[PDB]
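Chemist: Take the sequence shown: its position 104, counting from 1, is numbered 91 in the working numbering, and each next residue is one higher. For each residue, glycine too, the CB sits at the ideal point set by N, CA and C.
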Amino acid sequence: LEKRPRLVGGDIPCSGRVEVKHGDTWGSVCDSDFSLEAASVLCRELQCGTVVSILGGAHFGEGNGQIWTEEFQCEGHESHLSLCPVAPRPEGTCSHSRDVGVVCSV
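1) Exposed or buried, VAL93, counting other C-beta atoms within 10 Å across all chains shown (16 or more means buried)?
2) List the DSSP bridge partners of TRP13.
3) State the start and end residues of the unbroken alpha helix (DSSP H) segment that holds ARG31.
4) Grab the span of the beta strand (DSSP E) containing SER69 for me, first residue to last.
5) Counting only the same chain and skipping the five closest in sequence on each side, list residues whose C-beta sits under 6 Å from that of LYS8.
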């Protein structure tokens, strides 16, 4: 399950707050750290098609625990977030009020 995505707090299927498994935590992702490329990989990986909207600012609620401290530097084509290049991030630059969300289609 490591670096697998889920979407939680969404009203309809294939939408919600982004959470990506990191050890024993389903970690949220700061909107600032996210990208259309990573959102594309997430929608693909979740069998949810393509990105329609990226919503920042904890639109679908706030996560809890460790916010991701690596950035998913996806090229955009990858089948899995686990296959994207990553970069280390400094801790504490975002709160959960910036947890990113995605709406996928198909």
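Modeler: So, from the data block:
1) exposed
2) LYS8
3) 23 to 32
4) Element bounds for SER69: n/a, residue is neither H nor E.
5) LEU(-12), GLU(-11), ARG(-9)
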